[PDB]
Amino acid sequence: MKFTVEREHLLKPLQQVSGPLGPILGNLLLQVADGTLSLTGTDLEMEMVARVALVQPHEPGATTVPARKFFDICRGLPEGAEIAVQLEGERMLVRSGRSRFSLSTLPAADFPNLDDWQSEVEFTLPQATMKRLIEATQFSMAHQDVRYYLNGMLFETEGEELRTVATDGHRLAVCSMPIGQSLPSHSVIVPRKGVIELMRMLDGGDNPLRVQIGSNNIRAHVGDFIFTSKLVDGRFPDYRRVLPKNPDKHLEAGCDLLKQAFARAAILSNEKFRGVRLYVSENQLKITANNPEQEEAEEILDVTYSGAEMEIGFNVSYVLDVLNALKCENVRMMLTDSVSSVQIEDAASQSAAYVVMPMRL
């Protein structure tokens, strides 16, 4: 196996395939075949593959090498460097200028594959749209809940919309985007680690994303990268049951002003229960916090609100996470009563909605 490739063509692929990797699971599979260098990394649940066209002379074959070490060496070489690689006995030689490295290998035959599977649902969308969908909701996924089905993100197709849902059983995020195709009605749960890799492969370019979903797998193809993940089992909750039935009380406020006010008030909230009380009244919002030491914060903001007066308590971190994810000018808070969930949206778009539960203070 021999190839010679510019650093610039090798670096982004290596970065992508090597990022998550950690004995042969800590190596990248390199294969020279059909005019192409393929690089693959896996943790047995998901797999990233990059293809790189070889325009210089090359020789076929495959091996595996320590991913981090190989990435670090390539990244450490100067801009414009050419990287020549070849196999020698049990080692992989890497030469660039007068820099030389000999790395250990494990056999390509020992490198594990995901089980074969069949595509049942397929669609295309812009990368920016997938990016928006994941970024809108990803912060609301559980991390290591014993309900495994929450440690990931629902991807749902309905009509012409691709929708993401994430919840940790305390708060929820949902985002729907039209993608201009007639889609079957379907949903799957992508594990949180898979969601992070998928997000990270979105380069910021114009190449559309192609998505393939099977009964137990999802695949995303963008440019010369192919990501594959296993899916999570279990019944994901229904966001329509979490969204309030009819949140007819509508408050609108500047997103950054609201964020700042909540973050200041939070300073004098209980460290155990970092909650704040909201008093909504005609065109005014009052936020208060207090703690065991009898310390007290109060913030008063102008808002647009016509509706009955009410008081409701929230976890401040959940509201700040939402406001930070919206990145908007104005927010709409849609209220029911003092003991029911609140829905929050960008005042200028219904494309994403967030649900937070009231908090006993």
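In this text, the rigid core denotes the largest set of C-alpha atoms whose superposition between the two forms falls within 1.5 Å. Residue positions are given as counts along the sequence shown, with the first one as 1.
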Taking the root mean square of C-alpha distances over all structures and residues in 5 other deposited structures of this protein, with a rigid core superposition, name the larger of 153 to 161 and 96 to 104. 96 to 104
Rigid core superposition, C-alpha RMS per stretch in 5 other deposited structures of this protein: which comes out larger, 195 to 203 or 272 to 280? 272 to 280
Does a third or more of the other compared entries skip modelling residue 22? yes
Counting only residues from the deposited sequence, how many are left out of the model between residue 22 and residue 23 (none, 1 to 3, 4 to 9, 10 or more)? 4 to 9
Using only the Cα atoms and their B-factors as the entry lists them, report which of 338 to 346 and 5 to 13 averages higher. 5 to 13
Quick one: higher average CA temperature factor, 134 to 142 or 81 to 89? 81 to 89
If you check the C-alpha B-factor for each of 102, 281, 99, 228 in the entry, which is highest? 281
Top Cα B factor in the deposited entry, candidates 165, 177, 202, 73: 202
Could you tell me which third, lowest, middle or highest, the C-alpha B-factor of residue 123 occupies within its chain? lowest
Among the modelled residues of its chain, the C-alpha B-factor of residue 304 falls in the third labelled middle
Going by the CA temperature factor in the PDB record, which third of the chain does residue 219 belong to: lowest, middle or highest? lowest
With respect to C-alpha B-factor, does residue 252 fall in the lowest, middle or highest third of the chain as deposited? middle
Residue 148: CA B-factor among chain residues, third -> middle
